[PDB]
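Structure first, then comments.
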Amino acid sequence: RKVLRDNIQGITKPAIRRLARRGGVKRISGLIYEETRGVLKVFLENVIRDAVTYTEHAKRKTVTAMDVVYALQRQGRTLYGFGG
Amino acid sequence: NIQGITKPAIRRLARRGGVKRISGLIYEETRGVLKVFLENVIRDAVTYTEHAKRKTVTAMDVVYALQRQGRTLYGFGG
Amino acid sequence: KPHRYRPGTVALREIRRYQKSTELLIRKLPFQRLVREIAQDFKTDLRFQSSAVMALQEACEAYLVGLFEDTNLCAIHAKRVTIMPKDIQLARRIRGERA
Amino acid sequence: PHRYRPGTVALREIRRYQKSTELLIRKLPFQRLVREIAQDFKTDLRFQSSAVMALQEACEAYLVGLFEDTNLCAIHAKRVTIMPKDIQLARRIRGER
Amino acid sequence: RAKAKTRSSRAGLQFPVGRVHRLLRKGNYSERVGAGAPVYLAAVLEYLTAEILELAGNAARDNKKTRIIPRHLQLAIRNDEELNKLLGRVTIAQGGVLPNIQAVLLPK
Amino acid sequence: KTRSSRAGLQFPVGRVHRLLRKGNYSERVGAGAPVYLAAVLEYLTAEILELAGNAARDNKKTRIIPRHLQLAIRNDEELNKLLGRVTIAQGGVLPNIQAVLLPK
Amino acid sequence: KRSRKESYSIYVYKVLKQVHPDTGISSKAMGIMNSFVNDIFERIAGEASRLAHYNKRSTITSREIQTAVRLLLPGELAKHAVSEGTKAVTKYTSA
Amino acid sequence: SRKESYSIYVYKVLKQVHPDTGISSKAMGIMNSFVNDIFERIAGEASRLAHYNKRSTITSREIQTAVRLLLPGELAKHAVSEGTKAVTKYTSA
DNA sequence: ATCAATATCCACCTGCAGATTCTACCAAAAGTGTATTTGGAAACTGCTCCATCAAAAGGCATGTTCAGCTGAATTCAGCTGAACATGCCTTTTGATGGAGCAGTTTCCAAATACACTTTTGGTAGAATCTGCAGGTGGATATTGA
DNA sequence: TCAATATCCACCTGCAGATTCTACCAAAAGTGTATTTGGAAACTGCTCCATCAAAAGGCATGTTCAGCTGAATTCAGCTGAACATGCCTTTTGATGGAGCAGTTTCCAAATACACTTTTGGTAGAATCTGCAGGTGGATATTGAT
Ligand SMILES: [Cl-]
Ligand SMILES: [Cl-]
Ligand SMILES: [Cl-]
Ligand SMILES: [Cl-]
Ligand SMILES: [Mn+2]
Ligand SMILES: [Mn+2]
Ligand SMILES: [Mn+2]
Ligand SMILES: [Mn+2]
Ligand SMILES: [Mn+2]
Ligand SMILES: [Mn+2]
Ligand SMILES: [Mn+2]
Ligand SMILES: [Mn+2]
Ligand SMILES: [Mn+2]
Ligand SMILES: [Mn+2]
Ligand SMILES: [Mn+2]
């Protein structure tokens, strides 16, 4: 297939700004965007890791939404809406 | 009673907390928080007590309460 | 004239706006791509249910949106109105995330 | 006479108290406080000696922890003096308030 | 033989008592499960969902819609102090956030 | 002739098995689970006790006390995380003072 | 032949009609509502499971479900939940 | 009557890492609280892992995954190591 | 206080994705007769909470004095927001191939049940120690001049 | 920089509250046997995940340009620290006593089983419909003058 790199930059400045808006943020310093990407990277890494752990223990090659839900659960980030 | 928790003690707590200067309003603000903490914990412990049909709050009751509050404590049977 | 709004007027406009909606703010593909990148760096030859990638985005945006809320408080508490990395870090520290 | 500059003893008290582990709230008062609040949930209760100590331990830990995040906030505001607004902010980011 | 009659009806409930009883046994919560247990539980569950659908349904009314959606669910939960506390660490997919803008941020 | 000795463990395999069994976790319990779990428990215990022993030594003490267990944990990144939401009674806190608070 | 999977949709819908006879619910909203029920069910059953263990009791009775409810739900929500719970039980038992 | 705890085992293990060191009463308490906690966390996750996977039994397979999921990176490796080791050895004899 | 420039808020419209209602099996509730416990119901101990008393010992409450910290004001360099031109990619639709979840059967290795048979772990006394808590005495760390 | 005032840090010391160590008795834990049955292969049915192609226009990029926000500085009053005083509450210990957390039985009511019929639910089908997207128009909000 194709090689994946620097995809974190897929999280555009525009998008991070939109998110801060919903968070009710009026003014955004130039250094926020990269911090944000940092924080997002970590958040995703931790959730995908536990998710995949669940997937492997199921002896599956496909990460299911439930895997992600249990993952989020462990992180104390319970999500409603994908109960399967 | 809550007034029983004195300024000096609150000073000491803040001190172990690394606090150097304390606004005069902290003491009263602190008692408020301190009160809510016990209310929440105790209230649950007692609930555990009654379910046990007991009249004596036990350390394990406090421990289980502290766990429900996400304040897990080591040293009293768990 | 030409005409142009004073700085901040559009921002507040954008806030009022995005707080009324519930749509996702990160683009779908760029984000799916980011998941696949991270995932395969943990285990290879993986596959994802359409919904898993969506459950992840719902989670991430929900997380970030909430972190910015807290960050916004720290800025304000600092007699500022512009959020800075300082704030995001204070937030996460108090949150007990990366203390 | 001989006086220490403001904050010199404070730092000293910090270094001392961060070193020790003794409870810092006087026992009896606390005992009394616990029992009072408890009375509002169930009457004529009895408190296991240890149960009270557990609470004081849990409680004093909680506060010391909260004074930490509070101090972090005060500093973030270019201050060195914690204020109620700092506790409020801390407890809010913590999700308690 | 006697005509079949559901436990839910005996209890006067909408939620499935028998199903809840099954879930408790299969759930590994305790060796044995009493009879009132699934009833009291199905009851509480039905009351809680009823409490939120009422609030959600109103949210729907206010946005002129007649079909409840997630945002309506979020508005109901985030505005009612108690439900908010009960789900203070739950995140509702597609629910957005409550419109709220700090005062200091407004034009002076 | 006990499973613990057979597993080469100092922790009670038999007891762990009896607990897993009585704790309403699953209907059936594997023969190896008690062993595995017992190993994990023992390992983590050793880890705490060692660091804790070192903490005791550094204080010029032969007997470990709560303080030493707190000093061992809050000083080890990993243990600290594994117990970040646990409070050790009588443990106190790590000495630490914000720079901006120092003199001159 | 796809195996059948249960949910609470049927019951949520019934209850919905009772409160707002005129109102509908999108499938995504029912998605959430299902998560809600499963969530609280687990929270309650869990504390009940735990509560019985502590009291060396091998069976979870409505008395367990009740203390559980008092511990997990806040103020008023608990007050009403408890009534409804009790009420339902007594009715059920009382013939 | 009877009130079991891990005091012994903690102590035995103490002597291996520090045959020279002792341990206060309260300190032992912290150690029991510790074991019970972790015991509960792992057993807990293992319980869930088997349910998600509709299994009637909790095996070392579950406990191991449970450890990956609960313990921090390095700690998890060793835990996983020590674990599989005890089982292997136990199985041999 | 216009008032010209823009962004918003609303009601009217209407075909179509989705939400509902209609149907036909079939897992899984409900029944009913048995077998097995669970755990609430008096009685009856130990054992720890509670009270009381009774000192001293600190530790906390007060009032002074002023050091230095926190805001309130000013000021200004330049960062970050608003508007705009350009055209890149993400978004939408629709079509496949085939990797892999999943539903079925088959059925040994492995776990549950049981009846006994042997430990080992938890107690309740007897036999030492690690340290706290003091006591000098000696540099330190602070401060004022 | 000196000279004085508390602080702190060592070393050594000795009683004593806890630790260890010493001896035993019942709940557990280890054995053997006889069953049971969970869930790992070996298959196959068949969702639905990864890819592709192609056209379109919603948005992401990058520039300009200057409003106004964050960040130094300055400065004063007034809050909060350091302290010497002095009295009151908390800390410490037996003492008894009464409440009550535990156990020992009892067994009657309640739950688990086994298995035999009944239906409420779930999965598609066929039937409907709220409303997403569009629009034009009455407001409303901003920002220059
Ligand atoms: Cl910063
Ligand atoms: Cl304040
Ligand atoms: Cl196993
Ligand atoms: Cl019951
Ligand atoms: Mn109604
Ligand atoms: Mn294949
Ligand atoms: Mn022995
Ligand atoms: Mn000493
Ligand atoms: Mn089978
Ligand atoms: Mn471009
Ligand atoms: Mn300029
Ligand atoms: Mn400014
Ligand atoms: Mn001055
Ligand atoms: Mn029917
Ligand atoms: Mn519309």
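Residues in the structure tokens are named by chain (A, B, ... in the order shown) and by number from 1 within that chain; ligands are numbered from 1 in the order shown.
For residue 49 of chain E, the set of protein, DNA and RNA residues having any atom at most 10 Å away, when counting only C-alpha atoms (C1' of nucleotides) and skipping those fewer than 3 positions along the same chain, is residues 44, 45, 46, 52, 53 and 54 of chain E; 11, 12, 15, 16, 33, 34, 36 and 37 of chain G.
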Using only C-alpha atoms (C1' of nucleotides) and all ligand atoms, what are the residues with an atom within 9 Å of ligand 14, set out as JSON, numbers by chain?
{"J": [119, 120, 121]}
Applying 10 Å and only C-alpha atoms (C1' of nucleotides), which residues near segment 67-81 of chain D remain after dropping the ones on its own chain fewer than 4 positions away? List them as a ChimeraX atom specification.
/B:10,13-24,30 /C:74-80,86-87,90-91,93-96 /D:61-63,85-91,93-94 /F:98,100-101 /I:69-70 /J:80
Can I get the selected residues back with C-alpha atoms (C1' of nucleotides), as a PDB file, in the first residue's frame?
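Contents of out.pdb, as written:
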ATOM      1  CA  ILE B  10      -5.170  25.415  57.611  1.00  0.00           C
ATOM      2  CA  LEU B  13      -1.915  22.206  55.418  1.00  0.00           C
ATOM      3  CA  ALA B  14      -1.180  24.902  52.844  1.00  0.00           C
ATOM      4  CA  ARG B  15       2.437  24.735  53.988  1.00  0.00           C
ATOM      5  CA  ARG B  16       2.792  21.014  53.262  1.00  0.00           C
ATOM      6  CA  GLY B  17       1.075  22.068  50.043  1.00  0.00           C
ATOM      7  CA  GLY B  18       3.974  24.373  49.206  1.00  0.00           C
ATOM      8  CA  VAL B  19       1.996  27.600  49.710  1.00  0.00           C
ATOM      9  CA  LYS B  20       4.014  30.630  50.880  1.00  0.00           C
ATOM     10  CA  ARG B  21       1.479  33.486  51.152  1.00  0.00           C
ATOM     11  CA  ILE B  22      -2.178  33.140  52.176  1.00  0.00           C
ATOM     12  CA  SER B  23      -5.083  35.510  51.524  1.00  0.00           C
ATOM     13  CA  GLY B  24      -7.219  36.135  54.576  1.00  0.00           C
ATOM     14  CA  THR B  30     -11.200  26.221  52.969  1.00  0.00           C
TER      15      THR B  30
ATOM     16  CA  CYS C  74      -6.802  29.555  32.811  1.00  0.00           C
ATOM     17  CA  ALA C  75      -6.147  32.359  30.327  1.00  0.00           C
ATOM     18  CA  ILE C  76      -8.917  34.481  31.792  1.00  0.00           C
ATOM     19  CA  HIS C  77      -7.668  33.715  35.291  1.00  0.00           C
ATOM     20  CA  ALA C  78      -4.378  35.158  34.095  1.00  0.00           C
ATOM     21  CA  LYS C  79      -5.990  38.457  33.129  1.00  0.00           C
ATOM     22  CA  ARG C  80      -5.594  37.360  29.504  1.00  0.00           C
ATOM     23  CA  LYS C  86       0.956  27.746  29.360  1.00  0.00           C
ATOM     24  CA  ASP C  87      -2.788  27.467  29.875  1.00  0.00           C
ATOM     25  CA  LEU C  90      -1.895  24.191  33.600  1.00  0.00           C
ATOM     26  CA  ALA C  91      -5.237  22.668  32.652  1.00  0.00           C
ATOM     27  CA  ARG C  93      -1.718  19.385  35.063  1.00  0.00           C
ATOM     28  CA  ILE C  94      -4.673  20.147  37.328  1.00  0.00           C
ATOM     29  CA  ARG C  95      -6.773  17.634  35.400  1.00  0.00           C
ATOM     30  CA  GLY C  96      -4.148  15.183  36.546  1.00  0.00           C
TER      31      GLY C  96
ATOM     32  CA  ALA D  61      -4.434  14.433  52.017  1.00  0.00           C
ATOM     33  CA  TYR D  62      -7.222  15.857  49.850  1.00  0.00           C
ATOM     34  CA  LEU D  63      -6.683  19.386  51.142  1.00  0.00           C
ATOM     35  CA  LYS D  85     -10.534  32.440  43.182  1.00  0.00           C
ATOM     36  CA  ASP D  86      -7.548  30.064  42.877  1.00  0.00           C
ATOM     37  CA  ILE D  87      -9.245  27.296  44.838  1.00  0.00           C
ATOM     38  CA  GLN D  88     -12.385  27.793  42.783  1.00  0.00           C
ATOM     39  CA  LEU D  89     -10.456  27.527  39.491  1.00  0.00           C
ATOM     40  CA  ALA D  90      -8.565  24.455  40.644  1.00  0.00           C
ATOM     41  CA  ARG D  91     -11.725  22.639  41.811  1.00  0.00           C
ATOM     42  CA  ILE D  93     -10.676  22.130  36.273  1.00  0.00           C
ATOM     43  CA  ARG D  94     -10.780  19.097  38.586  1.00  0.00           C
TER      44      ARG D  94
ATOM     45  CA  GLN F  98       8.128  26.241  43.389  1.00  0.00           C
ATOM     46  CA  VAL F 100       9.374  31.572  42.006  1.00  0.00           C
ATOM     47  CA  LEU F 101       8.797  31.175  45.746  1.00  0.00           C
TER      48      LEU F 101
ATOM     49  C1'  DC I  69       3.036  42.150  47.378  1.00  0.00           C
ATOM     50  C1'  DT I  70      -0.822  43.086  44.508  1.00  0.00           C
TER      51       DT I  70
ATOM     52  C1'  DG J  80      -0.726  39.409  55.356  1.00  0.00           C
TER      53       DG J  80
END
Residues of chain F within 6 Å of chain H, only C-alpha atoms counted, as a ChimeraX atom specification
/F:6-7,11,25-30,32-33,35-36,39-40,50,62-66,78
Write a file of the just-selected residues containing C-alpha atoms, as a compact mmCIF listing (two decimals), in the first residue's frame.
# COMPACT_ATOMS: atom_id res chain seq x y z
CA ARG F 6 5.55 -25.57 42.16
CA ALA F 7 5.24 -22.21 40.39
CA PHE F 11 2.58 -15.74 47.00
CA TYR F 25 -15.63 -12.71 38.05
CA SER F 26 -16.41 -15.62 35.77
CA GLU F 27 -18.15 -18.97 35.95
CA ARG F 28 -14.98 -21.01 35.48
CA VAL F 29 -11.36 -20.25 36.37
CA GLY F 30 -8.33 -21.49 34.47
CA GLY F 32 -2.94 -21.13 35.28
CA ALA F 33 -4.69 -17.85 36.05
CA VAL F 35 -0.43 -18.71 39.10
CA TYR F 36 -0.07 -15.89 36.60
CA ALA F 39 3.24 -13.97 39.94
CA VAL F 40 2.16 -10.49 38.94
CA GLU F 50 12.97 -2.75 47.01
CA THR F 62 16.48 -0.46 58.85
CA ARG F 63 12.67 -0.64 59.04
CA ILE F 64 10.39 0.52 56.21
CA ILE F 65 7.52 2.84 57.16
CA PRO F 66 4.70 4.60 55.24
CA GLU F 78 5.73 4.21 36.59
Pick from F:31, F:69, F:20, F:89: nearest to chain I, with only C-alpha atoms (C1' of nucleotides) counted?
F:31
Residues near residue 25 of chain A, anyone? I mean within 9 Å using only C-alpha atoms (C1' of nucleotides), not counting same-chain ones fewer than 2 positions away, as a ChimeraX atom specification.
/A:17,19-23,27-28 /C:11-12,15,68-69,71-72,81-83 /E:101-102,105
Select, as a PDB file with C-alpha atoms, in the first residue's frame, those residues of chain F with any atom no more than 8 Å from chain J (distances computed using only C-alpha atoms (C1' of nucleotides)).
ATOM      1  CA  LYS F   1       3.813 -29.955  47.185  1.00  0.00           C
ATOM      2  CA  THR F   2       1.938 -26.639  46.851  1.00  0.00           C
ATOM      3  CA  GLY F  14      -4.164 -21.579  46.103  1.00  0.00           C
TER       4      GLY F  14
END
